[PDB]
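Below is one structure, written out as structure tokens; the observations come after it.
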Amino acid sequence: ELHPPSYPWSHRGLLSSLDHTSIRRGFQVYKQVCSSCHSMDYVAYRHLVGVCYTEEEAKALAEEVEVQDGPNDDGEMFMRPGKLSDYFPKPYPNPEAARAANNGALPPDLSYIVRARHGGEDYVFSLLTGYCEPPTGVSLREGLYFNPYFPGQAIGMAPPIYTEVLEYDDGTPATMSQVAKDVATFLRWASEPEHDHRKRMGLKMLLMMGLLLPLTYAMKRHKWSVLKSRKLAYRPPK
Amino acid sequence: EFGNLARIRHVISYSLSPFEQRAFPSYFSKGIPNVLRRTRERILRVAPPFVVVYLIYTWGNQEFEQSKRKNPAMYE
Amino acid sequence: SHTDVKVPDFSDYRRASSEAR
Amino acid sequence: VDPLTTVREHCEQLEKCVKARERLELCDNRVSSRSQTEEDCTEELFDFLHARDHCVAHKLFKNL
Amino acid sequence: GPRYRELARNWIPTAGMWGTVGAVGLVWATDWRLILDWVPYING
Amino acid sequence: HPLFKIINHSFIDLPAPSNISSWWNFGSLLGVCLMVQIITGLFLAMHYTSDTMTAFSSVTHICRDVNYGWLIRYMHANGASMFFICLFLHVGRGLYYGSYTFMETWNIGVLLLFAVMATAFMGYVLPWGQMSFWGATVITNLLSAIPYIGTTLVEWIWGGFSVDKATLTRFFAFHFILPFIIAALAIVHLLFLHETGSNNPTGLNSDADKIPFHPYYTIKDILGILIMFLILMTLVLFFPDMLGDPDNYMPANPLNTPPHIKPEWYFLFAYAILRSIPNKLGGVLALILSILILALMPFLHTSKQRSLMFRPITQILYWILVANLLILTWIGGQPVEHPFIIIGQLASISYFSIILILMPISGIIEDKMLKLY
Amino acid sequence: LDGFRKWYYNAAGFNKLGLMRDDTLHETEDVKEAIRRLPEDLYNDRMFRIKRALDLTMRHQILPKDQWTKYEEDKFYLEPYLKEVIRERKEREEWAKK
Amino acid sequence: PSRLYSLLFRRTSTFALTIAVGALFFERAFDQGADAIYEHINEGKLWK
Amino acid sequence: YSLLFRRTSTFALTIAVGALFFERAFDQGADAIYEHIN
Ligand code: HEC
Ligand code: HEM
Ligand code: HEM
């Protein structure tokens, strides 16, 4: 299988953080295009605050999807409006529903779609832009498009990003690529909500060890100088 | 414990106080020569096994690829 | 006896003010 | 215009892609032309594709 | 090793017996139910 | 004071050789790593649930909702990796410098190595990912190889027909309880050693030159702890997934098996050997011997010199052994296809022939060169 | 064979620490019995040579080339005393065997 | 009886051997006996 | 040396006080560096 090529991502930087406008744009993409079939279960409206949206913007986004509580005296499936503490919506009620609404194929939860894939984010982009006409000599069953990157090159998922599929609220031209890069950044974001933070800890950590090591070594060399200067002499009485 | 470890005789041993001596006497002055001295006494025993590991690793990779590469003569 | 040979020179090591050191 | 196509456009112009595609071109012809062969350009296509994507990515983000 | 030979003989029976004891215990503890089965006793 | 006497007797006034290199730091690092693992493990245990419905959810809740829970989890995983790095270098120091002649210390060591491998295996099963479930089934299946009682034993451990919740919960209990047994065995390891004292890289009797430990090998150990913490935090804070597998971030699907199943790196050398032997049982046995061959090592010493500092032919054989250990680590990763298999088969043959045959013959030849034999 | 033994003696490297060959023997029970039977001056030179080699290994240094131990010069002092220990040891073993 | 001591107890291993065999059989008897005793004790109140 | 390096007690005080300030200072500088990098 074709290994996805290395792309010059900003967050790939060692001391570089994630571009948060790209995470906001990639969250929009999911909200509009890929949410209806995939499930971001482990990501909730609460996680976004302080990353892509404010408290009121994320509250409005959460109030945009109703949820089910069902604790009514008799009402057992009561469907509430949804809140910040609520998690992202699910595409299908159960695994079977997924198989049913996706030609038998199960769309995997994207909660950690990238940390899952070996190629990493690159792979996601490779495929998102990897739908390709099947090389002469091959055919597929349903919604299966030869995708070189996808294992077997037969992904049930039909190509979901057509240029100008959705309009970015920021207005950045919604070209297929600009959309695949944004959703790869976002999917990366969910898989590690602390990419940035971890990197801040790594910076300070480096600096701290950077001052402690030299010093500790010095001490190691104070308390070991005594011996390292010891001069031995053999003086048989003769 | 100390005192009953061993029996030596007539071996005088001089030393200096830590604060009285330079911390890194000629550190790079002789350190480099010594490190280099050291590397040349051990490089012939250490390095050639890892060199042939590198050759076997590359070989395996390339051989594997060729193995995977379709047989042109086949299917024709 | 005990005087024939003197302290070997540690000059090299010696850091040729003590409070400062 | 999709930046992707643009980048691919240029990279494909690269002799590397040119020659790679040439092989793939011969391949597809042979695959379709030869009845005896049940072979395809999946095996060779990804060779060319890999090369193309390699250089494309090398500079694709510049547009994005 | 003549001396060793003689001493071995002396320990052979007791050694084997200890082994025998272990074997017996093993079957009982493990409830082999195959060696035990042929044995008159039956677990059920 | 009867509590301070033991502490003084083992860490302050202990007579240590003055010339031991940085390799002698590594065992102390292992002890620190053990604590670190225990501490991080305790802070994983306050939020982890050993239920197959909720184990992956609890791990994601640790990474996403607990304050600095991602830090403690990835510190635990990369500290297991650092534990195995320090363990391999500790065993390599023991093999190179002839420290296996301390036979009781060596045997308590190989018991500790078996316990640490079992602990890491069940700990890797614990997050209940795709890779954990298929990995568990695989090694549990290894037991089935047993000639007569194999099936029962496997089913016992699994606690059912196939690994399922029954396993996860008992694996959580065993993974919790074994590092304390490892700590007790490490105390026995330290005791069986102080009776004899540590060895030196020259391999000679260092009784004429011994120094205290408090000011000389304590600040060293502190410096080694600082360097090991630097490598651990640059493994955690910068490349948190370079040693793990991506497929462990998917939930455990019994209906799908990840096509590429590879045990973690530090098990790879063994994995290679197992795959190499055609017979299943043979593989299991060889695998075990792979670790056990070490225990067998103190009976194979045929030289009149303890260390390899003055033994160049056995030095060459030792570095060839390290070389094909790295080769077996690589092969395990490679899939089943030519020519990875042949290398694996040879590499295993060369590994067992160098440890069993070539080193004692080389030691006899080296004794003959010095007009000793 | 003589020149190749000198080359191996240089490649072994204990002469660079000023050691003899018999200083490098692993102290088993027979070796410690042979060391105990040494005269006082030979024992004191052996202990000083071992201490100096340990100090040089501590500082990661070697002796200057004029101070190394010439293969030809090395003396196998412990050897004579050792053979006896082994001989006596074997005799005793044989007696028990029989 | 001296025979017992002379044959079964004198040799420590036999001392164990007899214990081992005894254990192998004790279970059978004790189990069955206690079972029945229990059965009799609760003669009528059971699943049967 | 005559203030914080003469007797252990004096040494202890400076350590506590200095550490007290170094903490914030380190974070502050890190802020610049972190923001600088990003
Ligand atoms: C209307 C349907 C639909 C939309 C829209 C959709 N997907 Fe999917 N996706 C699927 C189905 C069905 C599968 C499972 C197919 C399979 O595994 O063969 C899938 C599988 C995937 C996989 C798994 C590939 C692998 O390695 O196994 C990734 C990654 C993925 N989708 C990403 C996306 C991204 C990114 C978007 C939008 C930005 C998106 N999808 C939009 C239906 C969709
Ligand atoms: C008593 C001490 C320990 C406790 C309480 C403990 C507890 C846990 C718990 C609750 C988990 C599951 C959650 C997680 O960490 O991901 C876990 C995982 C793990 N533990 Fe331990 N552990 C201990 C010691 C060790 C040691 C000593 C090792 C190394 C041999 C080890 C290796 C692992 C590994 C590899 C994992 C899987 C990490 C992952 O999910 O990616 N643990 N441990
Ligand atoms: C549980 C992991 C282990 C820990 C924490 C540990 C710890 C230690 C410590 C503290 C010492 C004394 C100082 C030193 O390290 O040199 C030591 C010595 C030693 N250990 Fe380990 N050890 C471990 C595993 C092993 C294993 C698996 C082996 C066998 C391969 C081993 C063999 C030895 C030997 C031979 C010594 C004596 C070394 C010498 O003085 O030359 N240890 N160990």
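Chain lettering (A, B, ...) mirrors the order of the structure tokens, residue numbering begins at 1 for each chain separately, and ligand numbering begins at 1 in order of display.
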Near residue B:24, within 12 Å and counting only C-alpha atoms, which residues show up once chain neighbours fewer than 2 positions away are dropped, as a PDB file with N, CA, C and O atoms, in the first residue's frame?
ATOM      1  N   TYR A 217      26.121  17.738  37.089  1.00  0.00           N
ATOM      2  CA  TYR A 217      27.368  17.163  36.603  1.00  0.00           C
ATOM      3  C   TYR A 217      28.528  17.833  37.294  1.00  0.00           C
ATOM      4  O   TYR A 217      29.480  17.180  37.705  1.00  0.00           O
ATOM      5  N   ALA A 218      28.447  19.147  37.432  1.00  0.00           N
ATOM      6  CA  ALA A 218      29.526  19.877  38.061  1.00  0.00           C
ATOM      7  C   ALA A 218      29.738  19.333  39.443  1.00  0.00           C
ATOM      8  O   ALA A 218      30.852  18.998  39.824  1.00  0.00           O
ATOM      9  N   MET A 219      28.656  19.222  40.195  1.00  0.00           N
ATOM     10  CA  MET A 219      28.763  18.683  41.529  1.00  0.00           C
ATOM     11  C   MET A 219      29.338  17.287  41.440  1.00  0.00           C
ATOM     12  O   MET A 219      30.243  16.937  42.192  1.00  0.00           O
ATOM     13  N   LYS A 220      28.828  16.487  40.518  1.00  0.00           N
ATOM     14  CA  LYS A 220      29.354  15.149  40.336  1.00  0.00           C
ATOM     15  C   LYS A 220      30.832  15.233  40.171  1.00  0.00           C
ATOM     16  O   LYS A 220      31.550  14.285  40.463  1.00  0.00           O
ATOM     17  N   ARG A 221      31.302  16.371  39.698  1.00  0.00           N
ATOM     18  CA  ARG A 221      32.722  16.513  39.424  1.00  0.00           C
ATOM     19  C   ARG A 221      33.477  17.187  40.559  1.00  0.00           C
ATOM     20  O   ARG A 221      34.666  16.955  40.696  1.00  0.00           O
ATOM     21  N   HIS A 222      32.796  17.970  41.398  1.00  0.00           N
ATOM     22  CA  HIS A 222      33.373  18.429  42.662  1.00  0.00           C
ATOM     23  C   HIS A 222      33.667  17.253  43.590  1.00  0.00           C
ATOM     24  O   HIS A 222      34.834  16.968  43.945  1.00  0.00           O
ATOM     25  N   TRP A 224      33.796  14.203  42.976  1.00  0.00           N
ATOM     26  CA  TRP A 224      34.638  13.176  42.386  1.00  0.00           C
ATOM     27  C   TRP A 224      36.015  13.680  41.987  1.00  0.00           C
ATOM     28  O   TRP A 224      36.909  12.862  41.770  1.00  0.00           O
ATOM     29  N   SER A 225      36.231  14.981  42.093  1.00  0.00           N
ATOM     30  CA  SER A 225      37.552  15.515  41.823  1.00  0.00           C
ATOM     31  C   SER A 225      38.513  14.956  42.846  1.00  0.00           C
ATOM     32  O   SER A 225      39.622  14.558  42.504  1.00  0.00           O
ATOM     33  N   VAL A 226      38.097  14.905  44.103  1.00  0.00           N
ATOM     34  CA  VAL A 226      39.013  14.464  45.144  1.00  0.00           C
ATOM     35  C   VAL A 226      39.725  13.201  44.705  1.00  0.00           C
ATOM     36  O   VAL A 226      40.952  13.146  44.696  1.00  0.00           O
ATOM     37  N   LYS A 228      39.699  11.887  41.646  1.00  0.00           N
ATOM     38  CA  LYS A 228      40.289  12.001  40.319  1.00  0.00           C
ATOM     39  C   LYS A 228      41.604  12.756  40.348  1.00  0.00           C
ATOM     40  O   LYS A 228      42.230  12.948  39.312  1.00  0.00           O
ATOM     41  N   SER A 229      42.023  13.201  41.519  1.00  0.00           N
ATOM     42  CA  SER A 229      43.307  13.865  41.627  1.00  0.00           C
ATOM     43  C   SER A 229      44.195  13.051  42.533  1.00  0.00           C
ATOM     44  O   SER A 229      45.385  13.320  42.640  1.00  0.00           O
TER      45      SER A 229
ATOM     46  N   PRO B  18      38.605  19.381  47.338  1.00  0.00           N
ATOM     47  CA  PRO B  18      37.882  19.717  46.121  1.00  0.00           C
ATOM     48  C   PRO B  18      37.986  21.195  45.804  1.00  0.00           C
ATOM     49  O   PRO B  18      38.292  21.547  44.667  1.00  0.00           O
ATOM     50  N   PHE B  19      37.761  22.056  46.785  1.00  0.00           N
ATOM     51  CA  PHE B  19      37.752  23.494  46.532  1.00  0.00           C
ATOM     52  C   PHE B  19      39.130  24.035  46.215  1.00  0.00           C
ATOM     53  O   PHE B  19      39.264  25.179  45.799  1.00  0.00           O
ATOM     54  N   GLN B  21      41.257  22.557  44.102  1.00  0.00           N
ATOM     55  CA  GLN B  21      41.654  22.202  42.748  1.00  0.00           C
ATOM     56  C   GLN B  21      40.640  22.659  41.722  1.00  0.00           C
ATOM     57  O   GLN B  21      39.452  22.757  42.015  1.00  0.00           O
ATOM     58  N   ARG B  22      41.106  22.941  40.515  1.00  0.00           N
ATOM     59  CA  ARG B  22      40.210  23.373  39.457  1.00  0.00           C
ATOM     60  C   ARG B  22      39.176  22.301  39.208  1.00  0.00           C
ATOM     61  O   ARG B  22      39.485  21.114  39.254  1.00  0.00           O
ATOM     62  N   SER B  26      41.988  21.063  32.506  1.00  0.00           N
ATOM     63  CA  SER B  26      42.257  20.627  31.144  1.00  0.00           C
ATOM     64  C   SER B  26      41.173  19.690  30.645  1.00  0.00           C
ATOM     65  O   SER B  26      41.475  18.633  30.088  1.00  0.00           O
ATOM     66  N   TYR B  27      39.913  20.069  30.822  1.00  0.00           N
ATOM     67  CA  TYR B  27      38.820  19.182  30.440  1.00  0.00           C
ATOM     68  C   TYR B  27      38.830  18.842  28.961  1.00  0.00           C
ATOM     69  O   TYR B  27      38.744  17.672  28.593  1.00  0.00           O
ATOM     70  N   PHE B  28      38.925  19.853  28.108  1.00  0.00           N
ATOM     71  CA  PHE B  28      38.897  19.615  26.669  1.00  0.00           C
ATOM     72  C   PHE B  28      40.346  19.533  26.230  1.00  0.00           C
ATOM     73  O   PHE B  28      40.643  19.105  25.118  1.00  0.00           O
ATOM     74  N   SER B  29      41.252  19.947  27.104  1.00  0.00           N
ATOM     75  CA  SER B  29      42.662  19.878  26.776  1.00  0.00           C
ATOM     76  C   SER B  29      43.097  18.436  26.512  1.00  0.00           C
ATOM     77  O   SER B  29      43.634  18.109  25.457  1.00  0.00           O
ATOM     78  N   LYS B  30      42.817  17.567  27.473  1.00  0.00           N
ATOM     79  CA  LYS B  30      43.164  16.162  27.328  1.00  0.00           C
ATOM     80  C   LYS B  30      41.965  15.261  27.132  1.00  0.00           C
ATOM     81  O   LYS B  30      42.098  14.133  26.664  1.00  0.00           O
ATOM     82  N   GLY B  31      40.788  15.758  27.479  1.00  0.00           N
ATOM     83  CA  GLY B  31      39.590  14.960  27.339  1.00  0.00           C
ATOM     84  C   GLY B  31      39.454  14.489  25.911  1.00  0.00           C
ATOM     85  O   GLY B  31      39.273  13.304  25.659  1.00  0.00           O
TER      86      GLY B  31
ATOM     87  N   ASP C  12      48.720  20.945  38.299  1.00  0.00           N
ATOM     88  CA  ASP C  12      47.787  20.865  37.198  1.00  0.00           C
ATOM     89  C   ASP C  12      46.383  20.977  37.740  1.00  0.00           C
ATOM     90  O   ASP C  12      45.605  21.817  37.298  1.00  0.00           O
ATOM     91  N   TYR C  13      46.053  20.139  38.712  1.00  0.00           N
ATOM     92  CA  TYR C  13      44.730  20.202  39.316  1.00  0.00           C
ATOM     93  C   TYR C  13      44.550  21.467  40.132  1.00  0.00           C
ATOM     94  O   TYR C  13      43.482  22.074  40.106  1.00  0.00           O
ATOM     95  N   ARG C  14      45.588  21.883  40.844  1.00  0.00           N
ATOM     96  CA  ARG C  14      45.451  23.037  41.719  1.00  0.00           C
ATOM     97  C   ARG C  14      44.783  24.195  41.013  1.00  0.00           C
ATOM     98  O   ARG C  14      45.174  24.556  39.907  1.00  0.00           O
ATOM     99  N   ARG C  15      43.775  24.783  41.647  1.00  0.00           N
ATOM    100  CA  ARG C  15      43.137  25.956  41.061  1.00  0.00           C
ATOM    101  C   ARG C  15      43.858  27.227  41.485  1.00  0.00           C
ATOM    102  O   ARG C  15      43.263  28.112  42.098  1.00  0.00           O
TER     103      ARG C  15
END
Problem set entry | Distance query residue E:44 at most 10 Å, only C-alpha atoms, self and fewer than 3 positions along chain excluded, as a PyMOL selection string | chain E and resi 33+37+41
Exercise. Which residues in chain D does DSSP call helix (DSSP H, G or I)? List them as a PyMOL selection string.
Worked result: chain D and resi 3-13+15-33+42-63
Problem set entry | Env. residues ligand 2 / 8 Å / only C-alpha atoms and all ligand atoms / as a VMD selection string | chain F and resid 33 to 35 37 to 49 59 72 to 74 76 to 81 83 to 84 116 to 127 172 175 to 180 244 248
Selection within 8 Å of ligand 3 by only C-alpha atoms and all ligand atoms, output as a PDB file with C-alpha atoms, in the first residue's frame:
ATOM      1  CA  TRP F  23      26.754   1.321  33.254  1.00  0.00           C
ATOM      2  CA  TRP F  24      26.606   0.571  36.998  1.00  0.00           C
ATOM      3  CA  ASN F  25      24.140   3.470  37.291  1.00  0.00           C
ATOM      4  CA  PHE F  26      21.513   1.546  35.322  1.00  0.00           C
ATOM      5  CA  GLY F  27      20.281  -0.804  38.048  1.00  0.00           C
ATOM      6  CA  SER F  28      19.593   2.123  40.369  1.00  0.00           C
ATOM      7  CA  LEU F  29      17.726   3.717  37.454  1.00  0.00           C
ATOM      8  CA  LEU F  30      15.643   0.542  37.252  1.00  0.00           C
ATOM      9  CA  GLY F  31      14.674   0.933  40.897  1.00  0.00           C
ATOM     10  CA  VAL F  32      13.730   4.563  40.281  1.00  0.00           C
ATOM     11  CA  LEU F  34       9.967   0.908  39.326  1.00  0.00           C
ATOM     12  CA  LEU F  87      16.740  -3.612  31.997  1.00  0.00           C
ATOM     13  CA  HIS F  90      21.646  -3.860  32.966  1.00  0.00           C
ATOM     14  CA  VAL F  91      21.577  -7.431  31.603  1.00  0.00           C
ATOM     15  CA  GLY F  92      24.150  -6.497  28.955  1.00  0.00           C
ATOM     16  CA  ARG F  93      26.439  -5.084  31.648  1.00  0.00           C
ATOM     17  CA  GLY F  94      26.043  -8.317  33.599  1.00  0.00           C
ATOM     18  CA  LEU F  95      26.894 -10.402  30.536  1.00  0.00           C
ATOM     19  CA  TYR F  97      31.701  -7.825  32.714  1.00  0.00           C
ATOM     20  CA  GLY F  98      31.297 -11.356  34.066  1.00  0.00           C
ATOM     21  CA  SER F  99      28.889 -10.361  36.830  1.00  0.00           C
ATOM     22  CA  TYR F 100      26.963 -13.638  36.404  1.00  0.00           C
ATOM     23  CA  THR F 101      29.484 -15.382  38.688  1.00  0.00           C
ATOM     24  CA  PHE F 102      27.405 -13.818  41.471  1.00  0.00           C
ATOM     25  CA  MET F 103      25.052 -16.715  40.837  1.00  0.00           C
ATOM     26  CA  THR F 105      22.129 -12.382  42.376  1.00  0.00           C
ATOM     27  CA  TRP F 106      21.918 -13.478  38.725  1.00  0.00           C
ATOM     28  CA  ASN F 107      19.123 -15.988  39.406  1.00  0.00           C
ATOM     29  CA  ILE F 108      17.079 -13.483  41.433  1.00  0.00           C
ATOM     30  CA  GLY F 109      17.686 -11.155  38.488  1.00  0.00           C
ATOM     31  CA  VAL F 110      16.279 -13.534  35.872  1.00  0.00           C
ATOM     32  CA  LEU F 111      13.268 -14.130  38.146  1.00  0.00           C
ATOM     33  CA  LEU F 112      12.798 -10.339  38.267  1.00  0.00           C
ATOM     34  CA  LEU F 113      13.075 -10.205  34.466  1.00  0.00           C
ATOM     35  CA  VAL F 116       8.664  -7.607  34.752  1.00  0.00           C
ATOM     36  CA  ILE F 182       9.070  -7.174  42.069  1.00  0.00           C
ATOM     37  CA  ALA F 183      10.041  -4.683  44.800  1.00  0.00           C
ATOM     38  CA  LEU F 185      12.464  -9.555  44.875  1.00  0.00           C
ATOM     39  CA  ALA F 186      14.602  -6.460  44.259  1.00  0.00           C
ATOM     40  CA  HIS F 189      18.458  -8.965  44.818  1.00  0.00           C
ATOM     41  CA  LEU F 190      20.211  -6.175  46.755  1.00  0.00           C
ATOM     42  CA  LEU F 193      24.712  -8.732  46.321  1.00  0.00           C
ATOM     43  CA  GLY F 197      29.834  -6.420  46.792  1.00  0.00           C
ATOM     44  CA  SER F 198      29.631  -5.013  43.282  1.00  0.00           C
ATOM     45  CA  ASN F 199      31.963  -5.912  40.440  1.00  0.00           C
ATOM     46  CA  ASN F 200      34.294  -3.566  38.593  1.00  0.00           C
ATOM     47  CA  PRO F 201      34.906  -3.247  34.816  1.00  0.00           C
ATOM     48  CA  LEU F 294      20.834 -16.243  30.689  1.00  0.00           C
ATOM     49  CA  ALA F 295      20.236 -18.165  33.885  1.00  0.00           C
TER      50      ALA F 295
END
For this session: Show me which residues sit within 7 Å of ligand 1 when counting only C-alpha atoms and all ligand atoms, and put them as a PyMOL selection string.
Result: chain A and resi 29-30+33-38+102-103+105-108+113+117+124+128+150-151+154-158+160-161+180+183-184
For this session: Define the interface residues of chain A facing chain G as those within 9 Å, counting only C-alpha atoms, and report them as a PyMOL selection string.
Result: chain A and resi 227-234+236
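With atom CA of residue F:232 on one side and atom CA of residue F:10 on the other, the separation reads 27.5 Å.
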Problem set entry | Nearby residues (only C-alpha atoms) at most 8 Å from stretch 3-19 of chain A, same-chain spacing under 4 positions excluded, as a PyMOL selection string | (chain A and resi 23+119+122-123+126+149+185+189+195-196+199-200+203) or (chain D and resi 50+53-54+57-58+61) or (chain F and resi 238) or (chain I and resi 34+37-38)
Limited to C-alpha atoms, could you put the picked residues into a file as a short mmCIF file (atom, residue, chain, number, x, y, z; two decimals), in the first residue's frame?
data_model
loop_
_atom_site.label_atom_id
_atom_site.label_comp_id
_atom_site.auth_asym_id
_atom_site.auth_seq_id
_atom_site.Cartn_x
_atom_site.Cartn_y
_atom_site.Cartn_z
CA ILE A 23 -9.00 23.46 14.13
CA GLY A 119 0.23 6.86 8.65
CA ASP A 122 -0.86 12.36 6.72
CA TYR A 123 -2.82 9.24 5.89
CA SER A 126 -3.68 11.32 1.63
CA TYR A 149 -4.17 4.83 0.40
CA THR A 185 -5.79 19.42 11.82
CA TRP A 189 -6.95 18.15 17.65
CA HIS A 195 -0.82 18.96 21.78
CA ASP A 196 -0.08 22.54 22.55
CA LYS A 199 4.58 21.09 24.09
CA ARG A 200 4.62 23.95 26.64
CA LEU A 203 9.70 23.53 26.57
CA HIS D 50 4.01 7.78 -4.83
CA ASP D 53 2.47 12.72 -4.19
CA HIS D 54 5.95 12.90 -2.77
CA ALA D 57 3.37 17.28 -0.76
CA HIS D 58 6.89 18.63 -0.84
CA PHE D 61 1.12 23.11 1.56
CA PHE F 238 7.68 15.53 22.36
CA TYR I 34 6.72 29.59 24.10
CA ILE I 37 8.11 29.85 19.09
CA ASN I 38 4.38 29.98 18.51
#
Please provide as a compact mmCIF listing (two decimals) with N, CA, C and O atoms, in the first residue's frame all residues within 12 Å of residue A:78, with the sequence filter that same-chain residues fewer than 5 positions apart are discarded (counting only C-alpha atoms).
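Contents of the output file selection_2.txt:
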# COMPACT_ATOMS: atom_id res chain seq x y z
N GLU A 66 -30.08 18.57 19.74
CA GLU A 66 -30.87 18.04 20.85
C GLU A 66 -30.31 16.72 21.34
O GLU A 66 -29.62 16.02 20.59
N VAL A 67 -30.56 16.38 22.59
CA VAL A 67 -30.06 15.12 23.15
C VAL A 67 -31.21 14.41 23.82
O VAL A 67 -32.29 14.96 23.93
N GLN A 68 -31.00 13.18 24.27
CA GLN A 68 -32.06 12.48 24.99
C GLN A 68 -31.73 12.25 26.45
O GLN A 68 -30.65 11.75 26.78
N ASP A 69 -32.64 12.62 27.34
CA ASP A 69 -32.43 12.41 28.77
C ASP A 69 -33.37 11.32 29.26
O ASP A 69 -32.93 10.35 29.87
N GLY A 70 -34.66 11.47 28.98
CA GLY A 70 -35.62 10.45 29.37
C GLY A 70 -35.72 10.03 30.83
O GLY A 70 -35.68 8.84 31.13
N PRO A 71 -35.84 11.00 31.75
CA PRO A 71 -36.03 10.65 33.15
C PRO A 71 -37.41 11.07 33.59
O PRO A 71 -37.70 11.04 34.79
N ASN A 72 -38.26 11.46 32.65
CA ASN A 72 -39.59 11.97 33.00
C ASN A 72 -40.39 10.98 33.82
O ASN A 72 -40.17 9.77 33.73
N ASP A 73 -41.33 11.49 34.60
CA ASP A 73 -42.17 10.63 35.41
C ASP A 73 -42.52 9.41 34.60
O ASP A 73 -42.41 8.29 35.08
Exercise. Residue D:59: which residues within 10 Å, counting only C-alpha atoms, same-chain residues fewer than 3 positions away excluded, as an MDAnalysis selection string?
Worked result: (chainID A and resid 7:8) or (chainID D and resid 4 7:8 10:11 53:56 62:64)
Include N, CA, C and O atoms and write out the residues we just selected as a CSV table (one decimal), in the first residue's frame.
chain,number,residue,atom,x,y,z
A,7,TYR,N,3.9,15.6,5.1
A,7,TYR,CA,3.5,16.9,4.7
A,7,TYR,C,4.0,18.0,5.7
A,7,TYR,O,4.2,17.6,6.9
A,8,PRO,N,4.4,19.2,5.3
A,8,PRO,CA,4.9,20.2,6.2
A,8,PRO,C,3.8,20.8,7.1
A,8,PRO,O,3.3,21.9,6.8
D,4,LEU,N,-4.6,21.8,-4.9
D,4,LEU,CA,-4.1,20.5,-5.1
D,4,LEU,C,-3.7,20.2,-6.5
D,4,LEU,O,-2.6,19.8,-6.9
D,7,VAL,N,-0.7,22.1,-7.7
D,7,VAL,CA,0.6,21.6,-7.3
D,7,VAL,C,0.9,20.3,-8.0
D,7,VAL,O,2.0,20.1,-8.5
D,8,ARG,N,-0.1,19.4,-8.1
D,8,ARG,CA,0.0,18.2,-8.8
D,8,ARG,C,0.4,18.5,-10.3
D,8,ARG,O,1.3,17.9,-10.8
D,10,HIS,N,2.1,21.0,-11.6
D,10,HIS,CA,3.6,21.2,-11.7
D,10,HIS,C,4.4,20.0,-11.4
D,10,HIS,O,5.3,19.6,-12.2
D,11,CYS,N,4.1,19.3,-10.3
D,11,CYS,CA,4.9,18.1,-10.0
D,11,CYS,C,4.9,17.1,-11.1
D,11,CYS,O,5.9,16.4,-11.4
D,53,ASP,N,2.9,12.2,-5.5
D,53,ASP,CA,2.5,12.7,-4.2
D,53,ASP,C,3.7,13.2,-3.4
D,53,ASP,O,3.6,14.2,-2.7
D,54,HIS,N,4.8,12.5,-3.5
D,54,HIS,CA,6.0,12.9,-2.8
D,54,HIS,C,6.3,14.3,-3.1
D,54,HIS,O,6.3,15.2,-2.2
D,55,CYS,N,6.5,14.7,-4.3
D,55,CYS,CA,6.9,16.0,-4.7
D,55,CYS,C,5.7,17.0,-4.5
D,55,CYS,O,6.0,18.1,-4.1
D,56,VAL,N,4.5,16.5,-4.7
D,56,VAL,CA,3.4,17.4,-4.5
D,56,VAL,C,3.4,17.9,-3.1
D,56,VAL,O,3.3,19.1,-2.8
D,62,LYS,N,2.4,24.8,0.5
D,62,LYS,CA,2.8,26.2,0.2
D,62,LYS,C,1.6,27.0,-0.2
D,62,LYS,O,1.3,28.1,0.2
D,63,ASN,N,0.8,26.4,-1.1
D,63,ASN,CA,-0.4,27.0,-1.5
D,63,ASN,C,-1.4,27.1,-0.4
D,63,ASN,O,-2.0,28.2,-0.1
D,64,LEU,N,-1.6,26.0,0.3
D,64,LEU,CA,-2.6,26.0,1.4
D,64,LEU,C,-2.1,26.8,2.6
D,64,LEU,O,-2.6,27.8,3.0
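Between atom CA of residue F:191 and atom CA of residue F:18 lies a distance of 20.5 Å.
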Problem set entry | Residue neighbourhood residue A:201, 12 Å, only C-alpha atoms, exclusion window fewer than 3 positions, as a VMD selection string | (chain A and resid 15 194 to 198 204 to 209) or (chain F and resid 68 71 233 to 234 236 to 238) or (chain I and resid 27 30 to 31 34)
For this session: Report as a count of residues only the set of chain B residues whose atoms approach chain G to within 10 Å, with distances computed over only C-alpha atoms.
Result: 14
